[PDB]
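Take a look at the structure below.
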Amino acid sequence: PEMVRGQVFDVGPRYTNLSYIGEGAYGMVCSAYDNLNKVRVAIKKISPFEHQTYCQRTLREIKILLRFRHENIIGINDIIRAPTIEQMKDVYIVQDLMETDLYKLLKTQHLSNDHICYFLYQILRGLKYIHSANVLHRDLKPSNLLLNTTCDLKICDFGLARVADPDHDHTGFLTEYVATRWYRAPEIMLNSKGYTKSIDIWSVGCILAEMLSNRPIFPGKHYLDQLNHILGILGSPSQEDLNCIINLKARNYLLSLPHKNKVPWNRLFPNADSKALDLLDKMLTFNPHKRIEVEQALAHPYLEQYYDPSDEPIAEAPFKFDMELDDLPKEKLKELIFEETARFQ
Ligand SMILES: COCCN1C(=O)c2cc(-c3nc(Nc4ccnn4C)ncc3C)[nH]c2C[C@H]1C
């Protein structure tokens with residue numbers, strides 16, 4: 001029963017020589033050797049059974065990754081668990097090991113324009129597939145963009161992923177959110193639950209900007225501070241953009257603010273490619289309806305080098321409706337997780 005950093009991993013014997021990777025609220029990631037395929041891999045221990053929300057996240061994640069099959073998206077090789085619902089205390093996801101993530105990379109390395117262009121392509125390529133399955137990742141960030149030595153990119157961490165529900169997007173002003181702050185679309189703060197594809201595009205824009213200068217573009221310190229950062233660069237939203245925000249609290253807040261001028265991208269990123277900045281402008285659009293879509297982003301002159309519609313696959317079977325796990329209790333969600341994982345026993 002090998003243990004890592006005070007956490008015990010019941011994964012043997014197939015997996016040996018464990019090494020720590022990352023720690024999550026209700027999970028932990030480590031590396032290990034797989035004696036049945038003769039290479040080291042990534043193993044994620046998930047202990048979501050004490051909380052209901054975690055059980056929900058876990059079920060959605062497993063279900064999505066199981067269906068998904070794409071070069072730029074992390075898959076599941078195996079799942080380790082107790083043979084009975086009773087003895088199941090943890091769930092272990094086995095996945096391909098990647099050398100590093102973009103977050104770790106941006107901390108220490110300057111990226112060449114060639115690297116930025118290629119990374120962005122693979123992110124959009126993966127995202128095209130995700131969105132084609134009517135799925136929103138909802139938490140894209142450098143830390144869940146994994147890379148290897150040959151600069152291949154894989155998307156991971158589908159904990160907050162959900163089936164898109166555009167019709168049920170509307171919400172009040174300042175409604176709480178779970179996704180990482182720095183990468184939250186401005187609409188989250190004003191009128192959106194983040195149930196539309198456009199929010200993933202905002203995140204990719206923030207990542208592109210971060211790739212450009214190695215610093216987050218909108219590092220807010222709290223819910224509202226995030227909005228101010230965005231507005232401090234994007235400038236005051238126009239009359240047309242305000243007309244799409246009908247809830248009064250949000251609109252009256254924006255109208256209460258002093259006029260702020262747009263900060264020109266070329267001023268923020270003086271070394272950047274001008275086509276890259278043109279695309280960055282389209283991804284980072286205040287109005288979600290005017291925001292560039294993933295397939296449009298791929299066809300952008302900045303990515304002309306890798307653009308190929310034929311080699312940008314889409315999902316064979318899209319997800320129909322979001323699972324009704326909101327009302328489900330821990331115990332029953334323990335049962336569905338058990339069943340979804342039966343195939344690997
Ligand atoms: C605890 O759950 C929280 C969510 N979460 C994961 O799901 C997850 C999966 C990996 C992973 N990481 C590597 N490699 C990697 C990255 C950095 N360093 N090295 C070695 N390879 C393969 C995988 C699948 N990393 C994480 C950390 C966070 C984002």
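Naming works like this for the structure tokens: A, B, ... for the chains as they're shown, residue 1 at the start of each chain, ligands 1 onward in shown order.
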
Wanna dump the chain A-ligand 1 contacts at 8 Å for me, each residue with its shortest atom pair and the distance in Å to one decimal, counting only C-alpha atoms and all ligand atoms, ordered by chain and number, as CSV?
```
residue,atom,partner,partner_atom_place_in_ligand_line,distance
A:21,CA,ligand 1,20 (C),5.3
A:22,CA,ligand 1,27 (C),5.0
A:23,CA,ligand 1,1 (C),4.9
A:24,CA,ligand 1,1 (C),3.6
A:25,CA,ligand 1,1 (C),6.8
A:26,CA,ligand 1,1 (C),6.8
A:27,CA,ligand 1,1 (C),4.1
A:28,CA,ligand 1,1 (C),4.0
A:29,CA,ligand 1,1 (C),5.2
A:30,CA,ligand 1,12 (N),7.6
A:31,CA,ligand 1,20 (C),7.3
A:41,CA,ligand 1,22 (C),7.2
A:42,CA,ligand 1,22 (C),5.0
A:43,CA,ligand 1,24 (C),7.2
A:44,CA,ligand 1,1 (C),6.3
A:45,CA,ligand 1,1 (C),7.3
A:46,CA,ligand 1,1 (C),7.4
A:74,CA,ligand 1,24 (C),6.4
A:94,CA,ligand 1,24 (C),7.9
A:95,CA,ligand 1,24 (C),5.4
A:96,CA,ligand 1,22 (C),5.5
A:97,CA,ligand 1,21 (N),3.8
A:98,CA,ligand 1,21 (N),3.7
A:99,CA,ligand 1,20 (C),4.8
A:100,CA,ligand 1,18 (N),4.0
A:101,CA,ligand 1,16 (C),4.7
A:104,CA,ligand 1,17 (C),6.9
A:143,CA,ligand 1,29 (C),5.2
A:144,CA,ligand 1,29 (C),4.3
A:145,CA,ligand 1,29 (C),7.8
A:146,CA,ligand 1,16 (C),5.8
A:147,CA,ligand 1,16 (C),7.8
A:156,CA,ligand 1,7 (O),6.0
A:157,CA,ligand 1,7 (O),4.3
A:158,CA,ligand 1,7 (O),7.5
A:159,CA,ligand 1,4 (C),7.5
```

Original post:
Could you name the residues that touch region 174-177 of chain A at 8 Å or less, counting only C-alpha atoms, but leaving out those on the same chain fewer than 2 positions away, as a ChimeraX atom specification?
Top reply: /A:171-172,179,188-191,193,223-224,250

Could you write those residues out with C-alpha atoms, as an mmCIF file, in the first residue's frame?
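Generated file (part_10.cif):
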```cif
data_model
loop_
_atom_site.group_PDB
_atom_site.id
_atom_site.type_symbol
_atom_site.label_atom_id
_atom_site.label_comp_id
_atom_site.auth_asym_id
_atom_site.auth_seq_id
_atom_site.Cartn_x
_atom_site.Cartn_y
_atom_site.Cartn_z
ATOM 1 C CA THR A 171 -28.593 34.941 -13.790
ATOM 2 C CA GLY A 172 -28.481 37.909 -11.417
ATOM 3 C CA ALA A 179 -14.253 28.335 -11.995
ATOM 4 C CA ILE A 188 -20.079 35.657 -15.224
ATOM 5 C CA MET A 189 -19.930 38.664 -12.936
ATOM 6 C CA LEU A 190 -22.921 40.341 -14.587
ATOM 7 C CA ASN A 191 -25.522 37.967 -16.069
ATOM 8 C CA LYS A 193 -23.960 31.084 -15.250
ATOM 9 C CA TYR A 223 -15.083 38.643 -7.548
ATOM 10 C CA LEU A 224 -15.621 42.277 -8.508
ATOM 11 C CA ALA A 250 -25.553 44.789 -13.553
#
```

Original post:
If you measure from CA of residue 133 (chain A) to CA of residue 336 (chain A), what distance in Å do you get, rounded to one decimal?
Top reply: 21.6 Å

Can you pull out every residue within 9 Å of region 310-314 of chain A, counting only C-alpha atoms, but drop anything in the same chain fewer than 4 positions away, and send it as a PDB file with N, CA, C and O atoms, in the first residue's frame?
```pdb
ATOM      1  N   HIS A  70      -9.544  11.930 -28.412  1.00  0.00           N
ATOM      2  CA  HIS A  70      -8.928  13.001 -29.179  1.00  0.00           C
ATOM      3  C   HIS A  70      -7.477  13.220 -28.764  1.00  0.00           C
ATOM      4  O   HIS A  70      -7.143  13.114 -27.591  1.00  0.00           O
ATOM      5  N   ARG A 125      -7.981  23.107 -31.238  1.00  0.00           N
ATOM      6  CA  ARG A 125      -8.278  21.821 -31.860  1.00  0.00           C
ATOM      7  C   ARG A 125      -8.999  20.906 -30.876  1.00  0.00           C
ATOM      8  O   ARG A 125     -10.011  20.301 -31.206  1.00  0.00           O
ATOM      9  N   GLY A 126      -8.472  20.821 -29.662  1.00  0.00           N
ATOM     10  CA  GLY A 126      -9.129  20.091 -28.600  1.00  0.00           C
ATOM     11  C   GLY A 126     -10.483  20.693 -28.279  1.00  0.00           C
ATOM     12  O   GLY A 126     -11.473  19.985 -28.170  1.00  0.00           O
ATOM     13  N   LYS A 128     -12.422  22.461 -30.130  1.00  0.00           N
ATOM     14  CA  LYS A 128     -13.363  22.216 -31.208  1.00  0.00           C
ATOM     15  C   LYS A 128     -14.084  20.893 -30.980  1.00  0.00           C
ATOM     16  O   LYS A 128     -15.278  20.782 -31.210  1.00  0.00           O
ATOM     17  N   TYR A 129     -13.338  19.896 -30.522  1.00  0.00           N
ATOM     18  CA  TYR A 129     -13.883  18.571 -30.273  1.00  0.00           C
ATOM     19  C   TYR A 129     -14.821  18.568 -29.071  1.00  0.00           C
ATOM     20  O   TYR A 129     -15.900  17.989 -29.113  1.00  0.00           O
ATOM     21  N   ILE A 130     -14.392  19.219 -27.998  1.00  0.00           N
ATOM     22  CA  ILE A 130     -15.194  19.331 -26.793  1.00  0.00           C
ATOM     23  C   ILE A 130     -16.533  19.996 -27.096  1.00  0.00           C
ATOM     24  O   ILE A 130     -17.581  19.484 -26.729  1.00  0.00           O
ATOM     25  N   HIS A 131     -16.482  21.139 -27.766  1.00  0.00           N
ATOM     26  CA  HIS A 131     -17.678  21.897 -28.092  1.00  0.00           C
ATOM     27  C   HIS A 131     -18.572  21.158 -29.077  1.00  0.00           C
ATOM     28  O   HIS A 131     -19.782  21.337 -29.071  1.00  0.00           O
ATOM     29  N   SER A 132     -17.968  20.340 -29.931  1.00  0.00           N
ATOM     30  CA  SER A 132     -18.724  19.562 -30.899  1.00  0.00           C
ATOM     31  C   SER A 132     -19.563  18.504 -30.195  1.00  0.00           C
ATOM     32  O   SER A 132     -20.569  18.051 -30.722  1.00  0.00           O
ATOM     33  N   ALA A 133     -19.142  18.124 -28.995  1.00  0.00           N
ATOM     34  CA  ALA A 133     -19.879  17.165 -28.191  1.00  0.00           C
ATOM     35  C   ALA A 133     -20.859  17.891 -27.285  1.00  0.00           C
ATOM     36  O   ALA A 133     -21.372  17.321 -26.333  1.00  0.00           O
TER      37      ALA A 133
END
```

Original post:
Within 12 Å of residue 322 (chain A), counting only C-alpha atoms, which residues qualify if same-chain residues fewer than 2 places away don't, as number ranges by chain?
Top reply: A: 56, 59-60, 63-64, 133-136, 161-166, 168, 195, 318-320, 324-326

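Residues lying within 7 Å of region 229-232 of chain A, counting only C-alpha atoms and ignoring same-chain neighbours fewer than 6 positions away, are residues 218, 220 and 260 of chain A.
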
Those residues with C-alpha atoms, as a PDB file, in the first residue's frame please?
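out01.pdb, freshly written:
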```pdb
ATOM      1  CA  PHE A 218      -6.510  39.942 -15.610  1.00  0.00           C
ATOM      2  CA  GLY A 220      -8.227  40.158 -10.052  1.00  0.00           C
ATOM      3  CA  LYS A 260     -12.371  54.056 -19.325  1.00  0.00           C
TER       4      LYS A 260
END
```

**OP:** Would you please extract all strand (DSSP E or B) residues from region 63-108 of chain A, as assigned by DSSP on the backbone, and give them as a list in words?
**Re:**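 The residues of region 63-108 of chain A classed as strand (DSSP E or B) are residues 73, 78, 79, 80, 91, 92, 93, 94, 95, 100 and 101 of chain A.
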
Save out the residues we just selected, N, CA and C atoms, as an mmCIF file, in the first residue's frame.
```cif
data_model
loop_
_atom_site.group_PDB
_atom_site.id
_atom_site.type_symbol
_atom_site.label_atom_id
_atom_site.label_comp_id
_atom_site.auth_asym_id
_atom_site.auth_seq_id
_atom_site.Cartn_x
_atom_site.Cartn_y
_atom_site.Cartn_z
ATOM 1 N N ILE A 73 -6.769 15.754 -25.917
ATOM 2 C CA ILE A 73 -7.560 15.591 -24.707
ATOM 3 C C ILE A 73 -7.116 14.356 -23.944
ATOM 4 N N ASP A 78 -7.233 3.379 -17.402
ATOM 5 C CA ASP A 78 -7.732 2.423 -16.434
ATOM 6 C C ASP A 78 -8.370 3.145 -15.261
ATOM 7 N N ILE A 79 -9.189 2.412 -14.518
ATOM 8 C CA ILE A 79 -9.769 2.911 -13.287
ATOM 9 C C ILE A 79 -9.683 1.837 -12.217
ATOM 10 N N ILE A 80 -9.060 2.181 -11.098
ATOM 11 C CA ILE A 80 -8.896 1.254 -9.995
ATOM 12 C C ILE A 80 -9.845 1.579 -8.854
ATOM 13 N N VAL A 91 -11.415 6.392 -5.631
ATOM 14 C CA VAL A 91 -11.490 6.019 -7.034
ATOM 15 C C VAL A 91 -10.193 6.520 -7.646
ATOM 16 N N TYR A 92 -9.526 5.658 -8.401
ATOM 17 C CA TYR A 92 -8.241 5.994 -8.986
ATOM 18 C C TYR A 92 -8.298 5.995 -10.509
ATOM 19 N N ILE A 93 -8.003 7.145 -11.106
ATOM 20 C CA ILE A 93 -7.994 7.282 -12.552
ATOM 21 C C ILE A 93 -6.578 7.199 -13.100
ATOM 22 N N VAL A 94 -6.347 6.255 -14.003
ATOM 23 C CA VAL A 94 -5.041 6.105 -14.624
ATOM 24 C C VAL A 94 -5.044 6.792 -15.979
ATOM 25 N N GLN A 95 -4.053 7.640 -16.210
ATOM 26 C CA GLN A 95 -3.980 8.413 -17.438
ATOM 27 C C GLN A 95 -2.553 8.523 -17.949
ATOM 28 N N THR A 100 4.924 18.038 -18.213
ATOM 29 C CA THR A 100 4.674 19.262 -17.478
ATOM 30 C C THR A 100 3.347 19.875 -17.894
ATOM 31 N N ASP A 101 3.031 21.029 -17.326
ATOM 32 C CA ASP A 101 1.858 21.787 -17.729
ATOM 33 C C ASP A 101 2.290 23.192 -18.110
#
```

Original post:
Using only C-alpha atoms, which residues sit within 12 Å of residue 300 (chain A) once same-chain residues fewer than 4 positions away are excluded, as a ChimeraX atom specification?
Top reply: /A:117,120-121,124,275-283,292-296,304-308

Original post:
Between CA of residue 14 (chain A) and CA of residue 58 (chain A), what is the spacing in Å?
Top reply: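 Separating CA of residue 58 (chain A) from CA of residue 14 (chain A) is a distance of 23.2 Å.
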
**OP:** Give me, please, the distance in Å between CA of residue 33 (chain A) and CA of residue 18 (chain A), quoted to one decimal.
**Re:**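 Pair CA of residue 33 (chain A) / CA of residue 18 (chain A) returns 7.2 Å.
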
Original post:
Quick one: DSSP helix (DSSP H, G or I) residues in region 40-222 of chain A, as a ChimeraX atom specification?
Top reply: /A:52-67,102-108,113-132,142-144,166-168,181-183,186-190,198-213

Output for the residues just chosen: C-alpha atoms as a PDB file, in the first residue's frame:
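Output file selection_15.pdb follows:
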```
ATOM      1  CA  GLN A  52     -22.234  15.574  -2.878  1.00  0.00           C
ATOM      2  CA  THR A  53     -20.864  18.272  -5.176  1.00  0.00           C
ATOM      3  CA  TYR A  54     -17.611  16.337  -5.491  1.00  0.00           C
ATOM      4  CA  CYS A  55     -19.507  13.183  -6.371  1.00  0.00           C
ATOM      5  CA  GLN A  56     -21.306  15.109  -9.096  1.00  0.00           C
ATOM      6  CA  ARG A  57     -18.081  16.518 -10.505  1.00  0.00           C
ATOM      7  CA  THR A  58     -16.503  13.079 -10.420  1.00  0.00           C
ATOM      8  CA  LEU A  59     -19.342  11.371 -12.260  1.00  0.00           C
ATOM      9  CA  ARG A  60     -19.450  13.987 -15.009  1.00  0.00           C
ATOM     10  CA  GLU A  61     -15.689  13.901 -15.477  1.00  0.00           C
ATOM     11  CA  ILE A  62     -15.430  10.119 -15.745  1.00  0.00           C
ATOM     12  CA  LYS A  63     -18.397   9.958 -18.112  1.00  0.00           C
ATOM     13  CA  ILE A  64     -17.006  12.634 -20.432  1.00  0.00           C
ATOM     14  CA  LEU A  65     -13.429  11.377 -20.668  1.00  0.00           C
ATOM     15  CA  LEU A  66     -14.688   7.838 -21.278  1.00  0.00           C
ATOM     16  CA  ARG A  67     -16.619   8.866 -24.403  1.00  0.00           C
ATOM     17  CA  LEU A 102       1.728  25.256 -19.257  1.00  0.00           C
ATOM     18  CA  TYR A 103       1.492  26.891 -15.840  1.00  0.00           C
ATOM     19  CA  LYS A 104       4.783  25.376 -14.734  1.00  0.00           C
ATOM     20  CA  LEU A 105       6.262  26.338 -18.101  1.00  0.00           C
ATOM     21  CA  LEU A 106       5.249  29.994 -18.162  1.00  0.00           C
ATOM     22  CA  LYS A 107       6.830  30.503 -14.747  1.00  0.00           C
ATOM     23  CA  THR A 108      10.328  29.740 -15.985  1.00  0.00           C
ATOM     24  CA  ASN A 113       6.045  32.875 -31.384  1.00  0.00           C
ATOM     25  CA  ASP A 114       6.282  29.463 -33.040  1.00  0.00           C
ATOM     26  CA  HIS A 115       5.521  27.788 -29.710  1.00  0.00           C
ATOM     27  CA  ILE A 116       2.654  30.156 -28.937  1.00  0.00           C
ATOM     28  CA  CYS A 117       1.102  29.553 -32.345  1.00  0.00           C
ATOM     29  CA  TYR A 118       1.377  25.769 -32.038  1.00  0.00           C
ATOM     30  CA  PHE A 119       0.110  25.615 -28.458  1.00  0.00           C
ATOM     31  CA  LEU A 120      -2.891  27.796 -29.322  1.00  0.00           C
ATOM     32  CA  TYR A 121      -3.684  25.598 -32.292  1.00  0.00           C
ATOM     33  CA  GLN A 122      -3.814  22.428 -30.215  1.00  0.00           C
ATOM     34  CA  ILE A 123      -5.951  24.087 -27.565  1.00  0.00           C
ATOM     35  CA  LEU A 124      -8.475  25.227 -30.157  1.00  0.00           C
ATOM     36  CA  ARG A 125      -8.278  21.821 -31.860  1.00  0.00           C
ATOM     37  CA  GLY A 126      -9.129  20.091 -28.600  1.00  0.00           C
ATOM     38  CA  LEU A 127     -11.754  22.711 -27.806  1.00  0.00           C
ATOM     39  CA  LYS A 128     -13.363  22.216 -31.208  1.00  0.00           C
ATOM     40  CA  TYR A 129     -13.883  18.571 -30.273  1.00  0.00           C
ATOM     41  CA  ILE A 130     -15.194  19.331 -26.793  1.00  0.00           C
ATOM     42  CA  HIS A 131     -17.678  21.897 -28.092  1.00  0.00           C
ATOM     43  CA  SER A 132     -18.724  19.562 -30.899  1.00  0.00           C
ATOM     44  CA  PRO A 142      -2.502  26.969 -17.798  1.00  0.00           C
ATOM     45  CA  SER A 143      -2.459  24.375 -15.012  1.00  0.00           C
ATOM     46  CA  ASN A 144      -4.772  21.998 -16.874  1.00  0.00           C
ATOM     47  CA  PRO A 166     -27.730  28.372 -23.609  1.00  0.00           C
ATOM     48  CA  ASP A 167     -31.422  28.745 -22.791  1.00  0.00           C
ATOM     49  CA  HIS A 168     -30.754  28.587 -19.052  1.00  0.00           C
ATOM     50  CA  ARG A 181     -11.206  33.804 -11.202  1.00  0.00           C
ATOM     51  CA  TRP A 182      -8.468  35.114 -13.498  1.00  0.00           C
ATOM     52  CA  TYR A 183     -10.014  33.292 -16.460  1.00  0.00           C
ATOM     53  CA  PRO A 186     -16.953  39.253 -17.766  1.00  0.00           C
ATOM     54  CA  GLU A 187     -20.527  38.003 -18.165  1.00  0.00           C
ATOM     55  CA  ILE A 188     -20.079  35.657 -15.224  1.00  0.00           C
ATOM     56  CA  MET A 189     -19.930  38.664 -12.936  1.00  0.00           C
ATOM     57  CA  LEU A 190     -22.921  40.341 -14.587  1.00  0.00           C
ATOM     58  CA  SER A 198     -18.355  31.567 -25.534  1.00  0.00           C
ATOM     59  CA  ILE A 199     -16.945  31.362 -22.016  1.00  0.00           C
ATOM     60  CA  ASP A 200     -14.367  28.741 -22.997  1.00  0.00           C
ATOM     61  CA  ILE A 201     -13.254  31.151 -25.719  1.00  0.00           C
ATOM     62  CA  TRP A 202     -12.705  33.893 -23.156  1.00  0.00           C
ATOM     63  CA  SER A 203     -10.463  31.538 -21.180  1.00  0.00           C
ATOM     64  CA  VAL A 204      -8.402  30.645 -24.226  1.00  0.00           C
ATOM     65  CA  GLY A 205      -7.948  34.364 -24.859  1.00  0.00           C
ATOM     66  CA  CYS A 206      -6.658  34.880 -21.333  1.00  0.00           C
ATOM     67  CA  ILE A 207      -4.278  31.972 -21.858  1.00  0.00           C
ATOM     68  CA  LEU A 208      -3.067  33.385 -25.165  1.00  0.00           C
ATOM     69  CA  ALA A 209      -2.348  36.696 -23.459  1.00  0.00           C
ATOM     70  CA  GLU A 210      -0.525  34.864 -20.679  1.00  0.00           C
ATOM     71  CA  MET A 211       1.541  32.986 -23.243  1.00  0.00           C
ATOM     72  CA  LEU A 212       2.494  36.346 -24.768  1.00  0.00           C
ATOM     73  CA  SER A 213       3.996  37.983 -21.674  1.00  0.00           C
TER      74      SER A 213
END
```

Subject >> A:169, A:248, A:110, A:180 ranked by distance to residue 141 (chain A), top pick (using only C-alpha atoms) >> reply: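 Using only C-alpha atoms, residue 141 (chain A) sits closest to A:180.
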
Original post:
Looking at only C-alpha atoms, which of A:139, A:71, A:241, A:90 is the one that sits closest to residue 152 (chain A)?
Top reply: A:71

Original post:
Out of A:4, A:82, A:315, A:257, which residue has the shortest atom-to-atom distance to residue 342 (chain A) when counting only C-alpha atoms?
Top reply: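 Selected residue with least distance to residue 342 (chain A): A:82.
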